[PDB]
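Enquirer: I'm passing along work.txt; it holds compact mmCIF, N, CA and C atoms.
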# COMPACT_ATOMS: atom_id res chain seq x y z
N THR N 1 26.16 -18.06 -26.35
CA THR N 1 25.05 -19.02 -26.37
C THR N 1 25.12 -19.95 -25.16
N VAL N 2 24.59 -19.48 -24.03
CA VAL N 2 24.81 -20.09 -22.72
C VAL N 2 23.47 -20.50 -22.11
N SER N 3 23.45 -21.68 -21.49
CA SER N 3 22.24 -22.25 -20.91
C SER N 3 22.47 -22.58 -19.44
N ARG N 4 21.43 -22.37 -18.62
CA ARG N 4 21.46 -22.68 -17.20
C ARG N 4 20.08 -23.13 -16.76
N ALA N 5 20.01 -24.26 -16.05
CA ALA N 5 18.74 -24.76 -15.56
C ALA N 5 18.27 -23.94 -14.36
N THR N 6 16.95 -23.94 -14.15
CA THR N 6 16.33 -23.10 -13.13
C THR N 6 15.22 -23.87 -12.42
N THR N 7 14.70 -23.25 -11.36
CA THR N 7 13.63 -23.81 -10.54
C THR N 7 12.55 -22.75 -10.33
N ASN N 8 11.30 -23.11 -10.61
CA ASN N 8 10.17 -22.22 -10.42
C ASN N 8 9.50 -22.51 -9.08
N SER N 9 9.27 -21.46 -8.29
CA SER N 9 8.53 -21.55 -7.04
C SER N 9 7.20 -20.81 -7.19
N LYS N 10 6.16 -21.33 -6.53
CA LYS N 10 4.81 -20.84 -6.76
C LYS N 10 4.53 -19.53 -6.02
N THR N 11 5.05 -19.37 -4.81
CA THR N 11 4.84 -18.15 -4.01
C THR N 11 6.14 -17.68 -3.37
N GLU N 12 7.20 -17.56 -4.18
CA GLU N 12 8.46 -17.01 -3.71
C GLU N 12 8.56 -15.50 -3.91
N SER N 13 7.64 -14.90 -4.66
CA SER N 13 7.60 -13.46 -4.85
C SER N 13 6.43 -12.81 -4.11
N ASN N 14 5.71 -13.56 -3.28
CA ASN N 14 4.64 -13.03 -2.45
C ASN N 14 5.03 -12.90 -0.98
N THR N 15 6.08 -13.60 -0.55
CA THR N 15 6.61 -13.48 0.80
C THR N 15 7.95 -12.76 0.84
N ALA N 16 8.37 -12.15 -0.28
CA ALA N 16 9.65 -11.45 -0.33
C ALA N 16 9.53 -10.05 0.27
N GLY N 17 8.55 -9.28 -0.18
CA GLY N 17 8.34 -7.95 0.35
C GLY N 17 7.71 -7.96 1.73
N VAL N 18 8.26 -8.78 2.61
CA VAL N 18 7.84 -8.86 4.00
C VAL N 18 8.95 -8.31 4.88
N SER N 19 8.58 -7.46 5.82
CA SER N 19 9.50 -7.02 6.85
C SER N 19 9.45 -8.02 8.00
N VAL N 20 10.60 -8.26 8.62
CA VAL N 20 10.64 -9.21 9.73
C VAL N 20 9.94 -8.64 10.95
N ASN N 21 10.36 -7.45 11.39
CA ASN N 21 9.72 -6.75 12.50
C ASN N 21 9.66 -7.66 13.73
N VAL N 22 10.85 -7.89 14.28
CA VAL N 22 11.12 -8.92 15.29
C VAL N 22 10.10 -8.94 16.42
N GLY N 23 9.42 -7.82 16.66
CA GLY N 23 8.41 -7.74 17.68
C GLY N 23 7.01 -7.84 17.10
N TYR N 24 6.09 -8.41 17.88
CA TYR N 24 4.72 -8.60 17.45
C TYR N 24 3.78 -7.72 18.26
N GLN N 25 2.68 -7.31 17.63
CA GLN N 25 1.65 -6.52 18.28
C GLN N 25 0.65 -7.45 18.97
N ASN N 26 -0.50 -6.90 19.36
CA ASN N 26 -1.51 -7.65 20.09
C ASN N 26 -2.07 -8.82 19.29
N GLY N 27 -1.75 -10.04 19.70
CA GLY N 27 -2.35 -11.24 19.16
C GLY N 27 -2.02 -11.56 17.71
N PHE N 28 -1.28 -10.71 17.02
CA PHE N 28 -0.96 -10.92 15.61
C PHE N 28 0.20 -11.91 15.52
N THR N 29 -0.11 -13.17 15.26
CA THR N 29 0.90 -14.21 15.13
C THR N 29 1.37 -14.41 13.69
N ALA N 30 1.23 -13.40 12.84
CA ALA N 30 1.57 -13.51 11.43
C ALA N 30 2.18 -12.19 10.98
N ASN N 31 2.38 -12.03 9.67
CA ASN N 31 2.97 -10.80 9.14
C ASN N 31 2.19 -10.34 7.91
N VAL N 32 2.59 -9.19 7.37
CA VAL N 32 1.99 -8.60 6.19
C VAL N 32 3.09 -8.34 5.16
N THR N 33 2.72 -8.33 3.89
CA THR N 33 3.64 -8.06 2.79
C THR N 33 3.15 -6.88 1.96
N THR N 34 4.09 -6.03 1.56
CA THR N 34 3.77 -4.81 0.81
C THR N 34 2.89 -5.12 -0.40
N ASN N 35 3.36 -6.01 -1.27
CA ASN N 35 2.57 -6.45 -2.40
C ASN N 35 1.96 -7.81 -2.08
N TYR N 36 1.27 -8.39 -3.07
CA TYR N 36 0.69 -9.71 -2.89
C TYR N 36 0.53 -10.35 -4.26
N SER N 37 1.24 -11.45 -4.50
CA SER N 37 1.11 -12.21 -5.72
C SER N 37 0.36 -13.51 -5.46
N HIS N 38 -0.20 -14.07 -6.53
CA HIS N 38 -0.79 -15.40 -6.50
C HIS N 38 0.19 -16.40 -7.13
N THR N 39 -0.24 -17.65 -7.23
CA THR N 39 0.57 -18.67 -7.89
C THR N 39 0.51 -18.60 -9.41
N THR N 40 -0.12 -17.57 -9.97
CA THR N 40 -0.02 -17.26 -11.39
C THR N 40 1.20 -16.39 -11.69
N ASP N 41 2.22 -16.48 -10.84
CA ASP N 41 3.44 -15.69 -10.97
C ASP N 41 4.62 -16.56 -10.56
N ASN N 42 5.42 -16.99 -11.54
CA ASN N 42 6.57 -17.85 -11.30
C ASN N 42 7.83 -17.00 -11.18
N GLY V 1 -3.90 16.87 -32.51
CA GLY V 1 -5.17 16.40 -33.00
C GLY V 1 -5.08 15.20 -33.91
N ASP V 2 -3.87 14.88 -34.37
CA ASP V 2 -3.71 14.03 -35.54
C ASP V 2 -3.58 12.56 -35.16
N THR V 3 -4.01 11.70 -36.08
CA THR V 3 -4.06 10.26 -35.87
C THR V 3 -2.74 9.63 -36.30
N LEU V 4 -2.04 9.02 -35.35
CA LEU V 4 -0.85 8.24 -35.68
C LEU V 4 -1.24 6.91 -36.32
N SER V 5 -2.05 6.12 -35.61
CA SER V 5 -2.75 4.98 -36.19
C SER V 5 -3.80 4.49 -35.20
N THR V 6 -4.83 3.86 -35.74
CA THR V 6 -5.90 3.26 -34.95
C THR V 6 -5.77 1.75 -35.10
N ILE V 7 -5.62 1.04 -33.98
CA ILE V 7 -5.34 -0.39 -34.00
C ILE V 7 -6.41 -1.14 -33.23
N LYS V 8 -6.83 -2.28 -33.78
CA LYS V 8 -7.70 -3.21 -33.09
C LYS V 8 -6.89 -3.94 -32.02
N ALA V 9 -7.48 -4.96 -31.41
CA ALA V 9 -6.77 -5.83 -30.49
C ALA V 9 -6.75 -7.25 -31.04
N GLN V 10 -5.68 -7.98 -30.73
CA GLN V 10 -5.42 -9.27 -31.34
C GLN V 10 -5.52 -10.38 -30.30
N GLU V 11 -5.20 -11.59 -30.74
CA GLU V 11 -5.30 -12.76 -29.87
C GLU V 11 -4.43 -12.60 -28.64
N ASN V 12 -3.15 -12.25 -28.83
CA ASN V 12 -2.29 -12.00 -27.68
C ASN V 12 -2.71 -10.76 -26.90
N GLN V 13 -3.41 -9.83 -27.54
CA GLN V 13 -3.77 -8.56 -26.93
C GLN V 13 -5.14 -8.56 -26.28
N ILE V 14 -5.94 -9.60 -26.49
CA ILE V 14 -7.32 -9.59 -26.04
C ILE V 14 -7.38 -9.82 -24.53
N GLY V 15 -8.53 -9.49 -23.94
CA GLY V 15 -8.75 -9.64 -22.52
C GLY V 15 -9.94 -10.51 -22.18
N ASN V 16 -9.70 -11.60 -21.43
CA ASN V 16 -10.76 -12.58 -21.19
C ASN V 16 -11.84 -12.02 -20.28
N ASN V 17 -11.44 -11.26 -19.27
CA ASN V 17 -12.35 -10.83 -18.22
C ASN V 17 -11.76 -9.62 -17.51
N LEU V 18 -12.58 -8.59 -17.32
CA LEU V 18 -12.12 -7.35 -16.70
C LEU V 18 -13.23 -6.88 -15.78
N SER V 19 -13.09 -7.18 -14.49
CA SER V 19 -14.05 -6.74 -13.49
C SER V 19 -14.04 -5.22 -13.38
N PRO V 20 -15.08 -4.62 -12.79
CA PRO V 20 -15.02 -3.18 -12.51
C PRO V 20 -13.91 -2.88 -11.52
N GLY V 21 -13.21 -1.76 -11.75
CA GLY V 21 -12.05 -1.42 -10.95
C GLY V 21 -10.83 -2.27 -11.20
N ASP V 22 -10.97 -3.41 -11.88
CA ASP V 22 -9.84 -4.26 -12.21
C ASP V 22 -9.01 -3.63 -13.33
N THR V 23 -7.96 -4.35 -13.74
CA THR V 23 -7.13 -3.96 -14.87
C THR V 23 -6.75 -5.20 -15.66
N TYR V 24 -6.43 -5.01 -16.94
CA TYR V 24 -5.75 -6.05 -17.72
C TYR V 24 -4.38 -5.56 -18.13
N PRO V 25 -3.31 -6.28 -17.79
CA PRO V 25 -3.43 -7.42 -16.87
C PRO V 25 -3.68 -6.95 -15.44
N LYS V 26 -3.93 -7.87 -14.51
CA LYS V 26 -4.34 -7.48 -13.17
C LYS V 26 -3.24 -6.69 -12.47
N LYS V 27 -3.52 -6.24 -11.24
CA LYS V 27 -2.78 -5.14 -10.63
C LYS V 27 -1.27 -5.39 -10.62
N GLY V 28 -0.83 -6.47 -9.98
CA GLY V 28 0.59 -6.67 -9.75
C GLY V 28 1.42 -7.02 -10.96
N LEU V 29 0.83 -7.11 -12.15
CA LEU V 29 1.52 -7.61 -13.33
C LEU V 29 2.09 -6.48 -14.17
N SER V 30 2.53 -6.82 -15.38
CA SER V 30 3.20 -5.96 -16.34
C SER V 30 2.25 -5.53 -17.46
N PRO V 31 2.58 -4.45 -18.17
CA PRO V 31 1.73 -3.99 -19.27
C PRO V 31 1.70 -4.91 -20.49
N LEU V 32 1.04 -4.47 -21.56
CA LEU V 32 0.76 -5.29 -22.72
C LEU V 32 1.68 -4.91 -23.89
N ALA V 33 1.61 -5.71 -24.96
CA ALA V 33 2.65 -5.75 -25.99
C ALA V 33 2.48 -4.67 -27.06
N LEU V 34 1.26 -4.52 -27.60
CA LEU V 34 0.93 -3.57 -28.69
C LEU V 34 1.90 -3.69 -29.87
N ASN V 35 1.89 -4.88 -30.52
CA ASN V 35 2.81 -5.11 -31.63
C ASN V 35 2.27 -5.95 -32.79
N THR V 36 0.96 -6.05 -33.02
CA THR V 36 0.45 -7.14 -33.86
C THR V 36 -0.18 -6.72 -35.18
N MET V 37 -1.21 -5.85 -35.20
CA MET V 37 -1.87 -5.48 -36.46
C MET V 37 -2.52 -6.67 -37.18
N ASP V 38 -3.77 -6.98 -36.84
CA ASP V 38 -4.42 -8.30 -36.78
C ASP V 38 -3.89 -9.44 -37.65
N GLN V 39 -3.43 -9.17 -38.86
CA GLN V 39 -2.93 -10.28 -39.68
C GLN V 39 -1.52 -10.73 -39.29
N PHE V 40 -1.05 -10.37 -38.09
CA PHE V 40 0.30 -10.68 -37.62
C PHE V 40 1.35 -10.10 -38.58
N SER V 41 1.37 -8.77 -38.66
CA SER V 41 2.24 -8.05 -39.58
C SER V 41 3.09 -6.98 -38.90
N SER V 42 3.19 -6.99 -37.56
CA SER V 42 4.13 -6.14 -36.82
C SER V 42 3.88 -4.66 -37.09
N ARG V 43 2.76 -4.17 -36.55
CA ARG V 43 2.28 -2.80 -36.74
C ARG V 43 3.42 -1.80 -36.78
N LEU V 44 3.49 -1.04 -37.88
CA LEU V 44 4.75 -0.44 -38.32
C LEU V 44 5.08 0.85 -37.56
N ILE V 45 4.23 1.87 -37.69
CA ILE V 45 4.51 3.22 -37.19
C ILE V 45 5.83 3.74 -37.76
N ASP V 46 10.18 18.62 -35.42
CA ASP V 46 8.77 18.88 -35.65
C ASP V 46 7.91 18.35 -34.51
N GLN V 47 7.45 17.11 -34.66
CA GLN V 47 6.51 16.52 -33.72
C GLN V 47 7.19 16.17 -32.40
Go through the file and emit its structure as structure tokens.

Expert:
Amino acid sequence: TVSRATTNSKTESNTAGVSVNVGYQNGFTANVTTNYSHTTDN
Amino acid sequence: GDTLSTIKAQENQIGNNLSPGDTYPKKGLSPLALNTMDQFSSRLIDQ
């Protein structure tokens, strides 16, 4: 019967499936993620 | 061919809104419970 406190983040599972891909293509100053969650997912 | 059981949907099982091509629950989420049998009686349930 063990208890541990936790912390919920709103978009910590939407930026996880991101590859770093140290190099960038033409003008793309951002990245893409395999999946995509909203803040309805803790 | 045979019927195991025919079940309605309950409060926890109902769906508020389902767009065309959408799903309940929506795409990235998990499936549904299927455990209620409307009066909250825990639907019971060779071959």

Enquirer: Measuring between only C-alpha atoms, which one of V:29, V:24, V:36, V:43 shows the shortest distance to residue N:40?

Expert: V:29

Enquirer: Between atom N of residue N:18 and atom N of residue V:31, measure the distance and give it in Å to one decimal.

Expert: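 One can read the atom N of residue N:18 to atom N of residue V:31 distance as 22.0 Å.
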
Enquirer: If you take all atoms listed in the file and a cut-off of 8 Å, which residues of chain N touch chain V, and what are their nearest atom pairs and distances in Å to one decimal, in chain and number order, as a Markdown table?

Expert:
| residue | atom | partner | partner_atom | distance |
| --- | --- | --- | --- | --- |
| N:35 | CA | V:28 | CA | 7.6 |
| N:36 | C | V:28 | CA | 6.6 |
| N:37 | CA | V:28 | CA | 6.9 |

Enquirer: Quote the spacing between atom C of residue N:14 and atom N of residue V:32 in Å to one decimal place.

Expert: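 Atom-to-atom, atom C of residue N:14 and atom N of residue V:32 are spaced 22.6 Å apart.
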
Enquirer: Smallest atom-to-atom distance to residue N:34: which of N:15, N:9, N:4, N:22, using only C-alpha atoms?

Expert: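 When distances to residue N:34 are compared using only C-alpha atoms, the smallest one comes from N:15.
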
Enquirer: Expressed in Å to a single decimal, how great is the separation between atom N of residue N:29 and atom N of residue N:42?

Expert: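 If I compute the distance from atom N of residue N:29 to atom N of residue N:42, I get 27.6 Å.
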
Enquirer: Grab all the atoms of stretch 18-34 of chain N that the file lists, wrap them in a box along x, y and z, add 5 Å per side, and give me centre plus edge lengths in Å (one decimal) as JSON.

Expert:
{"center_x": 4.4, "center_y": -9.6, "center_z": 9.8, "size_x": 23.5, "size_y": 19.6, "size_z": 30.5}

Enquirer: Got a sec: who's within 7 Å of residue N:16, counting only N, CA and C atoms, leaving out chain neighbours fewer than 4 positions off, as a list in words?

Expert: residues 11, 12, 33 and 34 of chain N

Enquirer: Output N, CA and C atoms of each residue in that selection to a file, as a short mmCIF file (atom, residue, chain, number, x, y, z; two decimals), in the frame of the given file.

Expert:
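part.cif, written as the output of this step:
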data_model
loop_
_atom_site.label_atom_id
_atom_site.label_comp_id
_atom_site.auth_asym_id
_atom_site.auth_seq_id
_atom_site.Cartn_x
_atom_site.Cartn_y
_atom_site.Cartn_z
N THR N 11 5.05 -19.37 -4.81
CA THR N 11 4.84 -18.15 -4.01
C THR N 11 6.14 -17.68 -3.37
N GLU N 12 7.20 -17.56 -4.18
CA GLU N 12 8.46 -17.01 -3.71
C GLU N 12 8.56 -15.50 -3.91
N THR N 33 2.72 -8.33 3.89
CA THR N 33 3.64 -8.06 2.79
C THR N 33 3.15 -6.88 1.96
N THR N 34 4.09 -6.03 1.56
CA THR N 34 3.77 -4.81 0.81
C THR N 34 2.89 -5.12 -0.40
#

Enquirer: Write out as an MDAnalysis selection string which residues come within 10 Å of residue V:10 when counting only C-alpha atoms, dropping same-chain ones fewer than 6 positions away.

Expert: chainID V and resid 34:40

Enquirer: Name the residues in contact with residue V:4 at a cut-off of 8 Å, using only N, CA and C atoms, excluding same-chain residues fewer than 3 positions from it; report them as a list in words.

Expert: residues 1, 7 and 45 of chain V
